[PDB]
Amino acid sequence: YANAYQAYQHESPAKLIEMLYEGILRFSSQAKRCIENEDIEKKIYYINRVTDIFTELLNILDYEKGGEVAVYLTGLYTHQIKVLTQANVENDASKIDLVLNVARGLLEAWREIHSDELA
């Protein structure tokens, strides 16, 4: 799926990505809670934050240096937004699980590559 790369643009750039991926995990997880408890207001909050992140993640991708894996993430992220909008509109928690599983894999991989730095 993904290895041997720096696929983003712009003292430690890697930690920044971890924070964004953690934000997704966190808010997604909080958003799941909210679907279960039926707090709609709180859910729209927590989704829009996850969305804002993927949107950030999309804007700082390097198509030059990131190659095929930059192309793959553009796919991953824009899909992830669509999936998020669906989970929102149609109130599906299995769906937030899909996004969560996704950010976990990314984050695990990202930490694997920056093992010493992200300790």
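Each residue number is its position in the shown sequence, starting from 1.
Unmodelled residues of the deposited sequence between neighbouring positions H10 and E11 number 4 to 9. The mean C-alpha temperature factor is higher for 89-97 when 22-30 and 89-97 are set side by side.
Looking at 31-39 and 72-80 together, the entry lists the larger mean B-factor for 31-39, computed on C-alpha atoms. Ranked by C-alpha B-factor against the other modelled residues of its chain, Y45 falls in the middle third.
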